[PDB]
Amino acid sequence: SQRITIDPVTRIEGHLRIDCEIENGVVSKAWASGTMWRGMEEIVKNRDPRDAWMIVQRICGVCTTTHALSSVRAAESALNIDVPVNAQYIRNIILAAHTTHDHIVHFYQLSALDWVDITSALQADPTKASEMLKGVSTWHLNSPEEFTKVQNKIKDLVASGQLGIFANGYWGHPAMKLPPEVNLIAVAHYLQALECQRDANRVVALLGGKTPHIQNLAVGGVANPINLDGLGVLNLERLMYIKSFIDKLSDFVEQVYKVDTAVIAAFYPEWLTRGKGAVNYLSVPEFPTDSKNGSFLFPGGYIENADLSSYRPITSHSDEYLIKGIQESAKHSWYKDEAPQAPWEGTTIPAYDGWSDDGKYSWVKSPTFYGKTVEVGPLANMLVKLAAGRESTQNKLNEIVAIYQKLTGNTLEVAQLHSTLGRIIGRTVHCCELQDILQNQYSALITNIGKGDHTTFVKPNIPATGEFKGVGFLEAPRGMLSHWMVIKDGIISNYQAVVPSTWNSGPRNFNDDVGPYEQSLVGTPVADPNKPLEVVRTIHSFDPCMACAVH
């Protein structure tokens, strides 16, 4: 038996340590540890409810927008405010555009170097590389000339002797299976991804006021002033500009990101058979389009024991079954109170005592849904949409499967999606589907303004006595997010965030049950225990964000 530690895990957000026991070259047990805490729940306490969103947005800058939107939703929940529909359209466009940036950066900048060997790209024939894509993609930047320019960029970096962030990589590792040509294609797409994600954040910026960290929200709606005839406000010229960036995203997402996801599956099919983290999945509906905080464009639900046919739909952010099920434990976390807590009654009292295998080992809490461990995020969101019979999701998945079948002769069944590659596929499907959300919500906004509705904000009143409670749900890039606010005498008396990477990365729980990261690693082959690339491949598939997980 051997014990390894990976600390720091890189190409994530934040500070993560992973430990594994390895028996005969197979992981037998794992531990996930968030190693940094700020106490953002305590920082926001005792403030005006209207102020929380600006503070708690700073939980994370990778998933910027998400905590801001969840926080305003939580205050609106507590206060019983119906958000104006134009404010929903604007919030929706921001979240969809943000999530587009986030997923593209995850696939390329964070994850690709687990699966791609840059030094092997130097041996590639750029013309053969381009020929491999004929009839596989219609992307306009897969020419031999593009690939040669990229290859030369790699050659020049290597020749400098200053590899920097590309140094001491896992070049030549036995788990690296792509041919030279495919490694070169992937580097070219990594660089092209950077332009696409920049366009996505231009959308976010024009509505948010900047990114990272948008500044256009309010408890009661948004701060954007809609006036087609106004100078210096959100007028038709500004809306046209937003539209010009929305229109630039689809080709790369569909002709590059979607295709590359199918191809990675084709070359790494064993990764459809490992990295299962849970048997229960949860997602919330997202993108409300009515005047009453509902009519969501994307559905939500709960899947128990992987049974899609008996899933429980969730169609409302006020769903009592959802609300009542959520608790968090700190039995194996560095906090004082250990019994499972509903978040309106939550505490976050630090109690660090160092690493212990069988005791406390993480700043992440352990969330459960009616006492069960649950995986959240794009795998959950995709499975729930398939359980719902959402045709858009079925069709998009089928497009990926078709590319995979062209390359391999094989199909993918739903069982194969409960895996490391399934999780990556779910994320890609999400990014693809989000492009239609953007078109839909831009069109909805233009149409609604045309009917004469320029309303964006409903001013709240906050009773100066009494105690009342609200919860804001959001389907973030990494899964279901919830912010839970208690107001007493007009100020925040409790604030608890239960964040998607909390669900997935949390340590063993009150019943010593294993959470998704830790469970997913059992069975992972490790060719070289000094260089445990296989471990990082599975962890990265969850898109860890530890500032989120811990806050």
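Residue indices: 1-based, along the sequence shown.
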Comparing 523-531 with 5-13, which has the greater mean CA B-factor as deposited? 523-531
State which stretch shows the higher mean Cα B factor in the entry: 295-303 or 401-409. 401-409
From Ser160, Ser244, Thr373, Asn92, pick the one with the largest CA B-factor in the entry? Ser160
Criterion, highest CA B-factor; candidates, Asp102, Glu76, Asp358, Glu237: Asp358
Sorting by Cα B-factor within the chain, modelled residues only, which third would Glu328 end up in: lowest, middle or highest? middle
Taking the values exactly as deposited, rank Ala218 by C-alpha B-factor within its chain and report the matching third: lowest, middle or highest. lowest
What third of the chain, by the recorded C-alpha B-factor, contains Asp48? highest
Considering every modelled residue of the chain and its Cα B-factor in the PDB entry, is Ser316 in the lowest, middle or highest third? middle
When the deposited Cα B-factors of this chain's modelled residues are ordered and cut into thirds, is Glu42 in the lowest, the middle or the highest one? middle
